[PDB]
There are 2 protein chains.
Amino acid sequence: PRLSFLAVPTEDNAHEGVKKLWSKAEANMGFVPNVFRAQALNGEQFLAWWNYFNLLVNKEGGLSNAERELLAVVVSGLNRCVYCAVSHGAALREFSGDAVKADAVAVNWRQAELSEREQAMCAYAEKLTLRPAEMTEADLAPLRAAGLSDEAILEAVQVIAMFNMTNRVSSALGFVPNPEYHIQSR
Amino acid sequence: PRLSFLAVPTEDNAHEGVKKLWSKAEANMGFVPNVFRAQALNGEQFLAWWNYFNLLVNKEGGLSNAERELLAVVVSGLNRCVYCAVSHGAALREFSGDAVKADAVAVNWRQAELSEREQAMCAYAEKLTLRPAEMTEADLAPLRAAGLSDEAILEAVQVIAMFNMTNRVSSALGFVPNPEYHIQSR
């Protein structure tokens, strides 16, 4: 299938750290995420990007995985990125155990049954995605009312902005999510 | 479960024709669509609305069920109405047999594998939903290039506008899609 609008590195010409990541992804999930193939055309840039993204979104931090995937799903729905919508909706279904909530939040978090902290985080994510020029200090007040430390607030801001980046990369270059994501934790 | 922001008719005060429609919904699907409960507060208006909507979207016409559900899914994704997104995504998965295509079109039809006719219909639907003031006769040229008769074009315009209406009703009054839709044809 056509993974990208640009050339995709093959096993022959790929960076060897890209190939090591391919083998690790296949040992761990049964497939290689198509982003790992498409975006890896520039090897060292891709490896640095993956280092940062993996540390911020997947590894342990100030926010739970469920909260990060909630932010990811809201942002990807707003920017209308199919790759991130599908894959991180699968991730949110897995980490939350509530497929109904994931499906609702993917469309409109206002029409989901969310905690007050989830509501604050989703409103903040939507404002930062759609109207970045209008951010004020007062916008942090709900987040602090929900018990988010400054470290957690920095992490959440990073996640929202990082998905504003990945949405643009994937939509500009025509990335396609793996079929496996559609059936996961459904 | 809170089906509505307004009062919901009970079995005691519901219109009799509303109760008869509840009975066909239970006879045909095993449950009553939550819209049939919430929107039926005004009996005669709901019954006329259902007559029109059922004739236009579900019954036999110039467009296939799959094409109508494609239009519905695109419009509901653009207006971010959870009820219509979930229910007509189930319908589109059923009529198309392609869950991947349905998931992709729900987010961004540009990132789905669509025929040229589907592309024309989805671009037209997006323009009519987001920029209705900018519609021109020239916008009909791709639809006619895709082999759509004048009757089929009238039906498609009706479908797009009708979902621009139901999205607004369901989002304004807090309608909640039945859990069954999330599982259907997955």
# chains A, B, ... in the order shown; residues from 1 in each chain; ligands from 1
$ interface_residues --of "chain B" --to "chain A" --cutoff "8 Å" --atoms "only C-alpha atoms" --output "ChimeraX atom specification"
/B:77,80-82,85-86,99-100,103-104,107-108,111,171,174,176,179,182,186
$ calpha_fit_and_write --fixed "chain A" --moving "chain B" --output "PDB file with C-alpha atoms, in the first residue's frame"
ATOM      1  CA  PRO B   1      -0.610  -0.031   0.052  1.00  0.00           C
ATOM      2  CA  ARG B   2       0.697   3.530  -0.480  1.00  0.00           C
ATOM      3  CA  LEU B   3       2.180   4.549   2.877  1.00  0.00           C
ATOM      4  CA  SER B   4       3.435   7.958   1.740  1.00  0.00           C
ATOM      5  CA  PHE B   5       3.360  10.798  -0.760  1.00  0.00           C
ATOM      6  CA  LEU B   6       7.183  10.667  -0.638  1.00  0.00           C
ATOM      7  CA  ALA B   7       9.701   7.877  -1.089  1.00  0.00           C
ATOM      8  CA  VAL B   8       9.711   5.216   1.638  1.00  0.00           C
ATOM      9  CA  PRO B   9      12.985   3.683   2.892  1.00  0.00           C
ATOM     10  CA  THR B  10      13.531   0.050   1.989  1.00  0.00           C
ATOM     11  CA  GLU B  11      15.425  -2.514   4.051  1.00  0.00           C
ATOM     12  CA  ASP B  12      18.475  -1.794   1.872  1.00  0.00           C
ATOM     13  CA  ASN B  13      18.826   1.991   2.211  1.00  0.00           C
ATOM     14  CA  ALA B  14      17.178   2.544   5.583  1.00  0.00           C
ATOM     15  CA  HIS B  15      19.154   3.939   8.441  1.00  0.00           C
ATOM     16  CA  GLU B  16      20.491   1.112  10.618  1.00  0.00           C
ATOM     17  CA  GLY B  17      18.846   2.614  13.622  1.00  0.00           C
ATOM     18  CA  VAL B  18      15.663   2.882  11.675  1.00  0.00           C
ATOM     19  CA  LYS B  19      16.026  -0.829  10.952  1.00  0.00           C
ATOM     20  CA  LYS B  20      16.634  -1.504  14.651  1.00  0.00           C
ATOM     21  CA  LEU B  21      13.462   0.423  15.536  1.00  0.00           C
ATOM     22  CA  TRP B  22      11.529  -1.543  12.909  1.00  0.00           C
ATOM     23  CA  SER B  23      12.754  -4.643  14.669  1.00  0.00           C
ATOM     24  CA  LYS B  24      11.489  -3.504  18.085  1.00  0.00           C
ATOM     25  CA  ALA B  25       8.118  -2.532  16.573  1.00  0.00           C
ATOM     26  CA  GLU B  26       7.761  -6.022  15.087  1.00  0.00           C
ATOM     27  CA  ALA B  27       8.973  -7.587  18.344  1.00  0.00           C
ATOM     28  CA  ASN B  28       6.420  -5.703  20.459  1.00  0.00           C
ATOM     29  CA  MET B  29       3.316  -5.323  18.291  1.00  0.00           C
ATOM     30  CA  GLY B  30       3.582  -7.887  15.500  1.00  0.00           C
ATOM     31  CA  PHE B  31       3.830  -5.158  12.851  1.00  0.00           C
ATOM     32  CA  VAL B  32       5.718  -1.956  12.077  1.00  0.00           C
ATOM     33  CA  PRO B  33       3.725   1.291  12.490  1.00  0.00           C
ATOM     34  CA  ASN B  34       3.360   2.882   9.072  1.00  0.00           C
ATOM     35  CA  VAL B  35       4.703   6.155  10.474  1.00  0.00           C
ATOM     36  CA  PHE B  36       7.946   4.304  11.284  1.00  0.00           C
ATOM     37  CA  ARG B  37       8.214   3.424   7.588  1.00  0.00           C
ATOM     38  CA  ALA B  38       7.059   6.678   5.992  1.00  0.00           C
ATOM     39  CA  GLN B  39       8.636   9.319   8.253  1.00  0.00           C
ATOM     40  CA  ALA B  40      11.976   7.464   8.432  1.00  0.00           C
ATOM     41  CA  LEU B  41      13.143   8.777   5.040  1.00  0.00           C
ATOM     42  CA  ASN B  42      15.333  11.213   7.019  1.00  0.00           C
ATOM     43  CA  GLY B  43      16.964   8.773   9.436  1.00  0.00           C
ATOM     44  CA  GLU B  44      18.528  10.897  12.169  1.00  0.00           C
ATOM     45  CA  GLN B  45      15.650  13.382  12.261  1.00  0.00           C
ATOM     46  CA  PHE B  46      13.165  10.526  12.579  1.00  0.00           C
ATOM     47  CA  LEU B  47      15.208   8.893  15.345  1.00  0.00           C
ATOM     48  CA  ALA B  48      15.423  12.105  17.378  1.00  0.00           C
ATOM     49  CA  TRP B  49      11.708  12.732  16.815  1.00  0.00           C
ATOM     50  CA  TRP B  50      10.887   9.223  18.003  1.00  0.00           C
ATOM     51  CA  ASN B  51      13.071   9.618  21.087  1.00  0.00           C
ATOM     52  CA  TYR B  52      11.198  12.785  22.068  1.00  0.00           C
ATOM     53  CA  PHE B  53       7.715  11.552  21.119  1.00  0.00           C
ATOM     54  CA  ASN B  54       8.130   8.183  22.853  1.00  0.00           C
ATOM     55  CA  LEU B  55       9.459   9.798  26.025  1.00  0.00           C
ATOM     56  CA  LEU B  56       6.670  12.391  26.097  1.00  0.00           C
ATOM     57  CA  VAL B  57       3.585  10.359  25.142  1.00  0.00           C
ATOM     58  CA  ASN B  58       4.233   6.693  25.915  1.00  0.00           C
ATOM     59  CA  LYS B  59       6.768   6.621  28.714  1.00  0.00           C
ATOM     60  CA  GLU B  60       6.307   7.406  32.380  1.00  0.00           C
ATOM     61  CA  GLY B  61       5.427  10.963  33.314  1.00  0.00           C
ATOM     62  CA  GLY B  62       3.279  13.465  35.109  1.00  0.00           C
ATOM     63  CA  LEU B  63       0.204  12.340  33.176  1.00  0.00           C
ATOM     64  CA  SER B  64      -1.385   8.919  32.842  1.00  0.00           C
ATOM     65  CA  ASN B  65      -1.470   7.226  29.454  1.00  0.00           C
ATOM     66  CA  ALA B  66      -5.259   7.657  29.424  1.00  0.00           C
ATOM     67  CA  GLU B  67      -5.044  11.437  29.879  1.00  0.00           C
ATOM     68  CA  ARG B  68      -2.379  11.781  27.182  1.00  0.00           C
ATOM     69  CA  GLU B  69      -4.425   9.712  24.741  1.00  0.00           C
ATOM     70  CA  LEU B  70      -7.482  11.830  25.568  1.00  0.00           C
ATOM     71  CA  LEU B  71      -5.536  14.961  24.608  1.00  0.00           C
ATOM     72  CA  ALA B  72      -4.228  13.214  21.481  1.00  0.00           C
ATOM     73  CA  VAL B  73      -7.715  12.148  20.405  1.00  0.00           C
ATOM     74  CA  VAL B  74      -9.213  15.620  20.896  1.00  0.00           C
ATOM     75  CA  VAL B  75      -6.391  17.359  19.019  1.00  0.00           C
ATOM     76  CA  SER B  76      -6.365  14.850  16.144  1.00  0.00           C
ATOM     77  CA  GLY B  77     -10.134  15.127  15.781  1.00  0.00           C
ATOM     78  CA  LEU B  78      -9.873  18.912  15.618  1.00  0.00           C
ATOM     79  CA  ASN B  79      -7.085  18.872  13.018  1.00  0.00           C
ATOM     80  CA  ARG B  80      -8.807  15.979  11.164  1.00  0.00           C
ATOM     81  CA  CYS B  81      -5.735  13.749  10.825  1.00  0.00           C
ATOM     82  CA  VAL B  82      -6.841  10.183  10.077  1.00  0.00           C
ATOM     83  CA  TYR B  83      -3.586   8.450  11.074  1.00  0.00           C
ATOM     84  CA  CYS B  84      -3.399   9.951  14.551  1.00  0.00           C
ATOM     85  CA  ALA B  85      -7.166   9.723  15.046  1.00  0.00           C
ATOM     86  CA  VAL B  86      -7.222   5.976  14.367  1.00  0.00           C
ATOM     87  CA  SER B  87      -4.020   4.999  16.176  1.00  0.00           C
ATOM     88  CA  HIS B  88      -4.512   7.089  19.302  1.00  0.00           C
ATOM     89  CA  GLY B  89      -8.209   6.230  19.381  1.00  0.00           C
ATOM     90  CA  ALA B  90      -7.107   2.611  19.646  1.00  0.00           C
ATOM     91  CA  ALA B  91      -4.701   3.677  22.395  1.00  0.00           C
ATOM     92  CA  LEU B  92      -7.423   5.615  24.238  1.00  0.00           C
ATOM     93  CA  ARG B  93      -9.830   2.674  24.020  1.00  0.00           C
ATOM     94  CA  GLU B  94      -7.086   0.506  25.515  1.00  0.00           C
ATOM     95  CA  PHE B  95      -6.042   2.806  28.360  1.00  0.00           C
ATOM     96  CA  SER B  96      -9.538   3.993  29.317  1.00  0.00           C
ATOM     97  CA  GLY B  97     -11.456   0.746  28.823  1.00  0.00           C
ATOM     98  CA  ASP B  98     -14.406   2.894  27.666  1.00  0.00           C
ATOM     99  CA  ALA B  99     -14.969   2.664  23.910  1.00  0.00           C
ATOM    100  CA  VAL B 100     -18.105   4.838  24.119  1.00  0.00           C
ATOM    101  CA  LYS B 101     -16.165   7.624  25.844  1.00  0.00           C
ATOM    102  CA  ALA B 102     -13.351   7.367  23.290  1.00  0.00           C
ATOM    103  CA  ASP B 103     -15.768   7.552  20.349  1.00  0.00           C
ATOM    104  CA  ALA B 104     -17.543  10.540  21.905  1.00  0.00           C
ATOM    105  CA  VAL B 105     -14.342  12.454  22.683  1.00  0.00           C
ATOM    106  CA  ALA B 106     -13.064  11.811  19.141  1.00  0.00           C
ATOM    107  CA  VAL B 107     -15.990  13.875  17.809  1.00  0.00           C
ATOM    108  CA  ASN B 108     -16.931  16.333  20.570  1.00  0.00           C
ATOM    109  CA  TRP B 109     -15.730  16.136  24.173  1.00  0.00           C
ATOM    110  CA  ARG B 110     -18.670  18.376  25.148  1.00  0.00           C
ATOM    111  CA  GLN B 111     -21.011  15.460  24.357  1.00  0.00           C
ATOM    112  CA  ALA B 112     -19.075  12.874  26.388  1.00  0.00           C
ATOM    113  CA  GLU B 113     -19.393  11.937  30.053  1.00  0.00           C
ATOM    114  CA  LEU B 114     -16.184  13.489  31.354  1.00  0.00           C
ATOM    115  CA  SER B 115     -14.913  14.424  34.784  1.00  0.00           C
ATOM    116  CA  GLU B 116     -14.264  18.074  35.572  1.00  0.00           C
ATOM    117  CA  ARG B 117     -10.529  17.562  35.102  1.00  0.00           C
ATOM    118  CA  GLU B 118     -11.102  15.898  31.734  1.00  0.00           C
ATOM    119  CA  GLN B 119     -13.398  18.776  30.760  1.00  0.00           C
ATOM    120  CA  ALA B 120     -10.761  21.349  31.712  1.00  0.00           C
ATOM    121  CA  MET B 121      -8.024  19.498  29.829  1.00  0.00           C
ATOM    122  CA  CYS B 122     -10.181  19.073  26.723  1.00  0.00           C
ATOM    123  CA  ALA B 123     -11.280  22.720  26.641  1.00  0.00           C
ATOM    124  CA  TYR B 124      -7.657  23.811  27.048  1.00  0.00           C
ATOM    125  CA  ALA B 125      -6.543  21.437  24.285  1.00  0.00           C
ATOM    126  CA  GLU B 126      -9.251  22.716  21.935  1.00  0.00           C
ATOM    127  CA  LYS B 127      -8.329  26.357  22.556  1.00  0.00           C
ATOM    128  CA  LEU B 128      -4.598  25.707  22.123  1.00  0.00           C
ATOM    129  CA  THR B 129      -5.267  23.816  18.886  1.00  0.00           C
ATOM    130  CA  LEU B 130      -7.735  26.241  17.295  1.00  0.00           C
ATOM    131  CA  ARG B 131      -6.846  29.656  18.806  1.00  0.00           C
ATOM    132  CA  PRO B 132      -3.205  29.570  19.974  1.00  0.00           C
ATOM    133  CA  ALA B 133      -2.828  33.348  19.619  1.00  0.00           C
ATOM    134  CA  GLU B 134      -5.470  33.912  22.325  1.00  0.00           C
ATOM    135  CA  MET B 135      -3.772  31.918  25.100  1.00  0.00           C
ATOM    136  CA  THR B 136      -3.490  33.744  28.425  1.00  0.00           C
ATOM    137  CA  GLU B 137      -2.262  32.872  31.896  1.00  0.00           C
ATOM    138  CA  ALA B 138      -5.898  32.737  33.052  1.00  0.00           C
ATOM    139  CA  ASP B 139      -6.420  29.705  30.804  1.00  0.00           C
ATOM    140  CA  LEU B 140      -4.205  27.770  33.226  1.00  0.00           C
ATOM    141  CA  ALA B 141      -6.574  28.437  36.141  1.00  0.00           C
ATOM    142  CA  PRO B 142      -8.967  25.510  35.416  1.00  0.00           C
ATOM    143  CA  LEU B 143      -6.041  23.110  34.936  1.00  0.00           C
ATOM    144  CA  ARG B 144      -4.643  24.114  38.327  1.00  0.00           C
ATOM    145  CA  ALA B 145      -8.161  23.880  39.761  1.00  0.00           C
ATOM    146  CA  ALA B 146      -8.225  20.239  38.594  1.00  0.00           C
ATOM    147  CA  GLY B 147      -5.114  19.474  40.655  1.00  0.00           C
ATOM    148  CA  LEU B 148      -2.547  19.560  37.847  1.00  0.00           C
ATOM    149  CA  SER B 149       0.964  20.356  39.044  1.00  0.00           C
ATOM    150  CA  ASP B 150       3.195  22.707  37.074  1.00  0.00           C
ATOM    151  CA  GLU B 151       5.080  19.679  35.733  1.00  0.00           C
ATOM    152  CA  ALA B 152       1.824  18.033  34.648  1.00  0.00           C
ATOM    153  CA  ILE B 153       0.690  21.269  32.984  1.00  0.00           C
ATOM    154  CA  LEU B 154       3.997  21.503  31.108  1.00  0.00           C
ATOM    155  CA  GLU B 155       3.591  17.878  30.003  1.00  0.00           C
ATOM    156  CA  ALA B 156      -0.006  18.442  28.871  1.00  0.00           C
ATOM    157  CA  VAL B 157       0.919  21.555  26.880  1.00  0.00           C
ATOM    158  CA  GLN B 158       3.777  19.580  25.327  1.00  0.00           C
ATOM    159  CA  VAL B 159       1.384  16.762  24.389  1.00  0.00           C
ATOM    160  CA  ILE B 160      -1.184  19.093  22.811  1.00  0.00           C
ATOM    161  CA  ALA B 161       1.481  20.905  20.796  1.00  0.00           C
ATOM    162  CA  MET B 162       3.249  17.673  19.811  1.00  0.00           C
ATOM    163  CA  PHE B 163       0.037  16.320  18.354  1.00  0.00           C
ATOM    164  CA  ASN B 164      -0.528  19.631  16.591  1.00  0.00           C
ATOM    165  CA  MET B 165       2.823  18.794  14.975  1.00  0.00           C
ATOM    166  CA  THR B 166       2.270  15.118  14.129  1.00  0.00           C
ATOM    167  CA  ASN B 167      -1.219  15.826  12.756  1.00  0.00           C
ATOM    168  CA  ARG B 168       0.359  18.259  10.299  1.00  0.00           C
ATOM    169  CA  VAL B 169       3.187  15.911   9.289  1.00  0.00           C
ATOM    170  CA  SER B 170       0.906  12.914   8.708  1.00  0.00           C
ATOM    171  CA  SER B 171      -1.770  14.931   6.898  1.00  0.00           C
ATOM    172  CA  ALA B 172       0.712  16.750   4.660  1.00  0.00           C
ATOM    173  CA  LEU B 173       2.552  13.589   3.613  1.00  0.00           C
ATOM    174  CA  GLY B 174      -0.422  11.212   3.319  1.00  0.00           C
ATOM    175  CA  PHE B 175       0.349   8.724   6.083  1.00  0.00           C
ATOM    176  CA  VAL B 176      -2.030   5.766   6.366  1.00  0.00           C
ATOM    177  CA  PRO B 177      -2.705   4.038   9.712  1.00  0.00           C
ATOM    178  CA  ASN B 178      -2.104   0.310   9.941  1.00  0.00           C
ATOM    179  CA  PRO B 179      -5.296  -1.794   9.657  1.00  0.00           C
ATOM    180  CA  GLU B 180      -4.572  -3.352  13.064  1.00  0.00           C
ATOM    181  CA  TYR B 181      -5.417  -0.094  14.874  1.00  0.00           C
ATOM    182  CA  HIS B 182      -9.037  -0.265  13.669  1.00  0.00           C
ATOM    183  CA  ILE B 183      -9.561  -3.579  15.477  1.00  0.00           C
ATOM    184  CA  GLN B 184      -7.659  -2.890  18.699  1.00  0.00           C
ATOM    185  CA  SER B 185      -9.545  -2.732  22.018  1.00  0.00           C
ATOM    186  CA  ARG B 186     -12.854  -2.308  20.175  1.00  0.00           C
TER     187      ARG B 186
END
$ select_by_dssp --residues "range 44-80 of chain B" --states "helix (DSSP H, G or I)" --output "PyMOL selection string"
chain B and resi 44-58+65-79
